Amino acid sequence: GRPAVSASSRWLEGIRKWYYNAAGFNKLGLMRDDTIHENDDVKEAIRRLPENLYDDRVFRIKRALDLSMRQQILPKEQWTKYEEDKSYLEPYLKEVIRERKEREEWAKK
Amino acid sequence: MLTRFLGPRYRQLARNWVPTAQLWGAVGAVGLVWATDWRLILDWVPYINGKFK
Amino acid sequence: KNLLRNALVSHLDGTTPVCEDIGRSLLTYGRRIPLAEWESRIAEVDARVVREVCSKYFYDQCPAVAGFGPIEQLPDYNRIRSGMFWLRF
Amino acid sequence: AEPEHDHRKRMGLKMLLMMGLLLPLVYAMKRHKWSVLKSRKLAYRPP
Amino acid sequence: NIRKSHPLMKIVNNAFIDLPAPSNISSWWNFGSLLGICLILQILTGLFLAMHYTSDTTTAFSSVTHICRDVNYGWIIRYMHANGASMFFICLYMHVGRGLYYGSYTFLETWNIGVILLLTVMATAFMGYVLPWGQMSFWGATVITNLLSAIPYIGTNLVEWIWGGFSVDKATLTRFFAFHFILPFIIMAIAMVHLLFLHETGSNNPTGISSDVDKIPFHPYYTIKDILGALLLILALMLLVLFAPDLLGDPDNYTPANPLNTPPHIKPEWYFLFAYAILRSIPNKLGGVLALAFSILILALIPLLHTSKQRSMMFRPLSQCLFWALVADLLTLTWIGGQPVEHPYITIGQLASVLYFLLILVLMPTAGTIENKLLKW
Ligand code: HEM
Ligand code: HEM
Ligand SMILES: C[C@@]1(c2ccc(Oc3ccccc3)cc2)OC(=O)N(Nc2ccccc2)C1=O
Numbered sequence: 002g003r004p005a006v007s008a009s010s011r012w013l014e015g016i017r018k019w020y021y022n023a024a025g026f027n028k029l030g031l032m033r034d035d036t037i038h039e040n041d042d043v044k045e046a047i048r049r050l051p052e053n054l055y056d057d058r059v060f061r062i063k064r065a066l067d068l069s070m071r072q073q074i075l076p077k078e079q080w081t082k083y084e085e086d087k088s089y090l091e092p093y094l095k096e097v098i099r100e101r102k103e104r105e106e107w108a109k110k
Numbered sequence: 001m002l003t004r005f006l007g008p009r010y011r012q013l014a015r016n017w018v019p020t021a022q023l024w025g026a027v028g029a030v031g032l033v034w035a036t037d038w039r040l041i042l043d044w045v046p047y048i049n050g051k052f053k
Numbered sequence: 358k359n360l361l362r363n364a365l366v367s368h369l370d371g372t373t374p375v376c377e378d379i380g381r382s383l384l385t386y387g388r389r390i391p392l393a394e395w396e397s398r399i400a401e402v403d404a405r406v407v408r409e410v411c412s413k414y415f416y417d418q419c420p421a422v423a424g425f426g427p428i429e430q431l432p433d434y435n436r437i438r439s440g441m442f443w444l445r446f
Numbered sequence: 194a195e196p197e198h199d200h201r202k203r204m205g206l207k208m209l210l211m212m213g214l215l216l217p218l219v220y221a222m223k224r225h226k227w228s229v230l231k232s233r234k235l236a237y238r239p240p
Numbered sequence: 003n004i005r006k007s008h009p010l011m012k013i014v015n016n017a018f019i020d021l022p023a024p025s026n027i028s029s030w031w032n033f034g035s036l037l038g039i040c041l042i043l044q045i046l047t048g049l050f051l052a053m054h055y056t057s058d059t060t061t062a063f064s065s066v067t068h069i070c071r072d073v074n075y076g077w078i079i080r081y082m083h084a085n086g087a088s089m090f091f092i093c094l095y096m097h098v099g100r101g102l103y104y105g106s107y108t109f110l111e112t113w114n115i116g117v118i119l120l121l122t123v124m125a126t127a128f129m130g131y132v133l134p135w136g137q138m139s140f141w142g143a144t145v146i147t148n149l150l151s152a153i154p155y156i157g158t159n160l161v162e163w164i165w166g167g168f169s170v171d172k173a174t175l176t177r178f179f180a181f182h183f184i185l186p187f188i189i190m191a192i193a194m195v196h197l198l199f200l201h202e203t204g205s206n207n208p209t210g211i212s213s214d215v216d217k218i219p220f221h222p223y224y225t226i227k228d229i230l231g232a233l234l235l236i237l238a239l240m241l242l243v244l245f246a247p248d249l250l251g252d253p254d255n256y257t258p259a260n261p262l263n264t265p266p267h268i269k270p271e272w273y274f275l276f277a278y279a280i281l282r283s284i285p286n287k288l289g290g291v292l293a294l295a296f297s298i299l300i301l302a303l304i305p306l307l308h309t310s311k312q313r314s315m316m317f318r319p320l321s322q323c324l325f326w327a328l329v330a331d332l333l334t335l336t337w338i339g340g341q342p343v344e345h346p347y348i349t350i351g352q353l354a355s356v357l358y359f360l361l362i363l364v365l366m367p368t369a370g371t372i373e374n375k376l377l378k379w
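See below:
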């Protein structure tokens, strides 16, 4: 249940990395998880972050909102590099989705 | 019973606001005059004689 | 005015405060400035003087603002700046 | 068909002439007030 | 003293002075206040025109000319009204586009109220246009009214009902004057309700990311941004009134009444063009009007088709391309709606019609889903 690497996977990665650059949130210093739409599952995931991450995301978002108002971007040297982009919210979000889905399955019986 | 506002401090208050209240009337007069083109009043300002005779 | 008189005199009570006053007055004013001179300065102040002197430093003047802590509700600078003048005046 | 034709363009003149005064001015009023935000600087200083 | 305690100024303060608003809202956000200015504009000029217009079949066309020739400055007031109606639609369009692009429709209630506000003004402008009893006013009134006749079983009792007769006549011009006078007051109430629901969350912004960490007071900032932008709405309005009074205005309304003779090529106002093309595309009575209704009623399905993990399209290259293809498609519908129902045009017009729906109901949602996958979300 493992071995493979592929020139193709790199193409897929290359297509993702391409879109990531095209999306452009990294020009504002943002990270992927900073751009997620806050629905309830998400608000709760934000709520569960430890202080450091919680604070970092706040500052990044402020930095971006401030750029947006000036319609500027960060120097290229400071864009968030795909692959240096931390999925910090994911595991909390996945867990909050799991527990909700559990509640839902209980509500069915 | 309006005697609550009768005393030295109130008289000094009244004084400090006289120039302001005066100047506000200045603004109101000139402003009413100029918005209705007060024929009467205006005919006396040197220029602004855009009513010949 | 009276509050200043009491403060002035209440302060220069004991060797240390008087010493500090002699020492630093000479640094700043060059002389000592005896209680009595301060008294005459204070006496000269009346409402007019307050109005004029305040107007000069305060009226329609750009302030310096420093804030630390839970300051989300601290007014915007433009808003603070607009509080430095009165539209009825 | 259009009796007003001549007054309209005299007004019309005045509209561009006035607009050419007010536009730059009102624009400058807004930049003045927005100065404070446009040049503000941020710094993050976590423990 | 205080703005905050007085039962009345407290509303003002909470709506226009201390309301926390995103530091980053764009020019695209200016349209809501411009829509308010439009409504007030329509209201004032509308009113003064009512002090001189008469609602009877005979003197209707005439009273309007009385205004343009006899009544002091009626011409300027009349043109501001007409050109104000166009601006109002220009603003609706931008405002609705801004909401789509930026995901603003996710504020369910306020977006749903907006749709109602859209239909209300369209209803309003229709009744308005009929008022001078010109050729297009009459035939346009005839076309649009007859749509209702497509409705099965009750279709004809309804048109005759709304007519107050056997065709657009006397009774209709008078009732249209009445409904056209009250509608903007009713619009005004819906708009306050629109603004109420919006304040519950405050404004969205270009990034689609919460701005609670970087809110600024509506007052000094949006107060001036809105002023500046009002002056721009005004320049654009005057340009029309003062240099191009007849530019959007069809030449045929300058000729009275002909229930007997339909003009060769009747052409909608402008802001109905795209919808007119859609209705026309399909050669069916029922299906045309159904397609027509759906063409507007679709806005309320938009929120169910949101598929992306992001709110705005700011970081969404695919959706962006499809969005503009939508705009470009609408612009095509507009061109086509103003053209004769013939060879090149009907086919172009049918393909643009499937595209509009194809891209909203299927293309956009599929782009959102592949953008998510591309991001590993
Ligand atoms: C205060 C409520 C309103 C009143 C009292 C009012 C009054 C009138 C009157 C008396 C006319 C016929 C005179 C003329 O055609 O110039 C008219 C026409 C019209 N109004 Fe209104 N109206 C009001 C709100 C609106 C609204 C909301 C709109 C939509 C923006 C609107 C757009 C029109 C249009 C398109 C016409 C036909 C203009 C033309 O080409 O002559 N008005 N209105
Ligand atoms: C009488 C017609 C309308 C009026 C008077 C009106 C007024 C406003 C105002 C004042 C705002 C505040 C900020 C801004 O400028 O964006 C706003 C925002 C909004 N309106 Fe309207 N609007 C009208 C038509 C619509 C329509 C047709 C829709 C959608 C069908 C709509 C949905 C929204 C939404 C979703 C927002 C969210 C703000 C954002 O996300 O940026 N409104 N409107
Ligand atoms: C101004 C106008 C109008 C106004 C509002 C409308 O409402 C809508 C606008 C867009 C989409 C749906 C309805 C439609 C037409 O009223 C009117 O008589 N016409 N003229 C017309 C000409 C040919 C066919 C049908 C109508 C309009 O354009």
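Those protein sequence lines, which keep their order, are chains F, K, A, D and C. Residues in the first sequence are numbered from 2 upward in steps of one, following the entry's author numbering. Residues in the second sequence are numbered from 1 upward in steps of one, following the entry's author numbering. Residues in the third sequence are numbered from 358 upward in steps of one, following the entry's author numbering. Residues in the fourth sequence are numbered from 194 upward in steps of one, following the entry's author numbering. Residues in the fifth sequence are numbered from 3 upward in steps of one, following the entry's author numbering. Ideal placement from N, C-alpha and C gives every residue a C-beta, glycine not left out.
Check: Whole-angstrom C-beta distance between C:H54 and C:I69, which should lie under 8 Å; Outcome: 5 Å
Check: Entirely enclosed alpha helix (DSSP H) segments - the region 284-308 of chain C, minimum 4 residues; Outcome: 287-299
Check: Spatial neighbours of C:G130 in its chain, beta-carbon cut-off 7 Å, leaving aside the 5 residues before and after; Outcome: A87, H182
Check: Closer than 9 Å at the beta carbon, the chain C residues around A:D433; Outcome: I218, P219, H221, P222, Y223
Check: Cβ-heavy atom distance, C:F183 to ligand 1, below 8 Å; Outcome: yes
Check: Span separating the alpha-carbon of D:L206 from that of C:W379; Outcome: 58 Å
Check: As assigned by DSSP and simplified to three states, the class of C:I218; Outcome: strand
Check: Of the listed residues K:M1, K:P8, K:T20, nearest to A:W443 (C-alpha basis); Outcome: K:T20
Check: Where the alpha helix (DSSP H) containing C:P319 begins and where it ends; Outcome: 319-339
Check: Assigned secondary structure, C:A259 (DSSP; H/G/I helix, E/B strand, else coil); Outcome: coil
Check: Closest Cα partner of D:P240 within the set F:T36, F:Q79, F:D57, F:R11; Outcome: F:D57
Check: Cβ-based neighbour list, C:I284, same chain, cut-off 7 Å, excluding 5 preceding and 5 following; Outcome: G290, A293
Check: Interface positions of the region 201-234 of chain D facing chain A (Cβ-Cβ less than 7 Å), listed along the chain; Outcome: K226, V229
Check: is_contact[F:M32, chain C] using C-beta, thresh 9 Å; Outcome: no
Check: Three CB pairs or more closer than 8 Å across the region 261-270 of chain C and the region 316-331 of chain C; Outcome: no
Check: Check whether C:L363 and C:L303 have beta carbons under 9 Å apart; Outcome: yes
Check: Buried or exposed by the 16-neighbour rule on C-beta atoms within 10 Å, applied to C:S205; Outcome: buried
Check: Beta carbon proximity, D:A194 to chain C, threshold 9 Å; Outcome: yes
Check: Beta-carbon proximity list for A:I437, same chain, < 8 Å, skipping 5 on both sides; Outcome: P420, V422
Check: Interfacial residues, the region 59-85 of chain F to chain D, with Cβ spacing under 8 Å; Outcome: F60, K63, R64, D67, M70, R71
Check: Residues that DSSP places opposite C:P22 in a beta bridge; Outcome: C:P219
Check: Near ligand 1: C:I188 beta-carbon under 8 Å from a heavy atom; Outcome: no
Check: C:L332 beta carbon less than 9 Å from that of C:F276; Outcome: yes
Check: Chain-ordered neighbours of F:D56 on chain D, where CB pairs are closer than 7 Å; Outcome: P239
Check: A:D403 in three-state terms, based on DSSP; Outcome: coil
Check: Three-way DSSP call (helix, strand, coil) for C:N3 in this model; Outcome: coil
Check: Under 9 Å by beta carbon: chain D residues contacting C:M240; Outcome: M204, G205, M208, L209, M212
Check: 4-residue-minimum alpha helix (DSSP H) runs that sit fully inside the region 232-277 of chain C, ordered along the chain; Outcome: none
Check: C-alpha gap between D:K223 and A:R398, whole angstroms; Outcome: 45 Å
Check: Cβ-Cβ distance between C:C93 and C:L37 below 9 Å; Outcome: yes
Check: CB contact check: F:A24 to chain C, cutoff 9 Å; Outcome: yes
Check: Segment contact flag, the region 47-66 of chain C with the region 228-237 of chain C, C-beta cutoff 8 Å, min 3 pairs; Outcome: no
Check: Inter-residue Cα distance where the pair is C:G105 and F:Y21; Outcome: 20 Å
Check: Close-in-space but distant-in-sequence residues of the same chain around K:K53 (CB under 6 Å, 5 per side omitted); Outcome: none
Check: Interface partners of C:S64 on chain D, CB under 9 Å; Outcome: Correct list: empty, because the minimum Cβ distance to chain D is about 15 Å.
Check: Rounded straight-line distance, which links the Cα of F:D35 to that of F:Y55; Outcome: 11 Å
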